[PDB]
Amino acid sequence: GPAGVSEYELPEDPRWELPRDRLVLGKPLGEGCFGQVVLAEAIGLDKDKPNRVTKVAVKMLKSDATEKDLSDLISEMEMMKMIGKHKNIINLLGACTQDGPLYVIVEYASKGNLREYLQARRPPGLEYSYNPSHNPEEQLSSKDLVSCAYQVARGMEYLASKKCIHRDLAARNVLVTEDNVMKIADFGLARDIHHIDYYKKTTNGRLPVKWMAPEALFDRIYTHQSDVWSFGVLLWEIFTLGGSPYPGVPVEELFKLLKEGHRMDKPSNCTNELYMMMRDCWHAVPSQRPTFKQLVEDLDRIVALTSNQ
């Protein structure tokens, strides 16, 4: 019977389609752009091991979704296919387009987003703000922190090689897996064709204008060079263990300040070398910023020289 049949033509790709009875839905992972994200166990996700279970994240479409929401979730999924797999991005694993509501299945990152992961690992004392976690975890070593940055840079280098511009690279858009692998999220989202509201917070209270390069702020120009600017902000987030950028600065003053040369001060626990890397990412002139290729090479060297003691 036609009950529950989509009015739309959802694209069935036999390489990726999973019968939804292979998903055992589990705990909520929060509200995404298009609907709930839910942890699930997938049976037989790898057709070579039909009797094994893999934990996955299931992106669903909310019941009151618009046609644009549906189109946007399909577009993200097809973009992930074209971009292909990398260790440091959230990868596509499958989809359910038949016999029920649309699900897009991606890799599960059990430790959640990087900002709250780092906040929960703040040690006491003078160099960081307080630890807000009631389940605090062991502090990371200096090498772990640089390694976090290296992994994100490696993921962005891959995405840039595939001509993918992220446009909102921030610690809240990096997720951390059970094995502490950093994975960039939301890289496949299509760009809004409408102008954005600079003063509208995200559902988690963030103001994305604080990650925008000046040419994105002023003229809405987004390039790989503006993603490098954002990476500089993400570096500052890492070495403040989840800090909020531009403390005390009202957002409507930000472009004026950046234009006059204002940049964030160095975090208390941050080498001169990594601060110089942040500042280079924040070159006013887009052509003068490093590339992700260069950032990867430099972070590789710095990781190797940085103590894990």
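Superpose the two forms; the largest set of C-alphas matching within 1.5 Å is the rigid core. Residues carry their position along the shown sequence, with the first being 1.
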{"property": "Higher C-alpha RMS shift from the shown form in 5 other deposited structures of this protein - 30-38 or 272-280, rigid core fit", "result": "30-38"}
{"property": "Greater root mean square CA deviation, 288-296 compared with 21-29 in 5 other deposited structures of this protein, core aligned", "result": "21-29"}
{"property": "Test item: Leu126 lacks coordinates in at least a third of other entries", "result": "yes"}
{"property": "Higher-scoring stretch by recorded Cα B factor average, 203-211 or 87-95", "result": "203-211"}
{"property": "281-289 set against 14-22, stretch whose average Cα temperature factor tops the other in the entry", "result": "14-22"}
{"property": "Of the residues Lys266, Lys59, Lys47, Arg263, the one carrying the largest Cα B-factor as recorded", "result": "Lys47"}
{"property": "Member of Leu274, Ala40, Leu257, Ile43 with the greatest C-alpha B factor (per the PDB record)", "result": "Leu257"}
{"property": "For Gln225, the third of its chain into which the C-alpha B factor falls", "result": "lowest"}
{"property": "Chain thirds of CA B-factor: placement of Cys270", "result": "middle"}
{"property": "Relative C-alpha B-factor of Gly242, binned into the chain's lowest, middle or highest third", "result": "lowest"}
{"property": "Assigned third (lowest, middle, highest) for the C-alpha B factor of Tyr117", "result": "lowest"}
{"property": "Lowest, middle or highest third - CA B-factor, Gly155", "result": "lowest"}
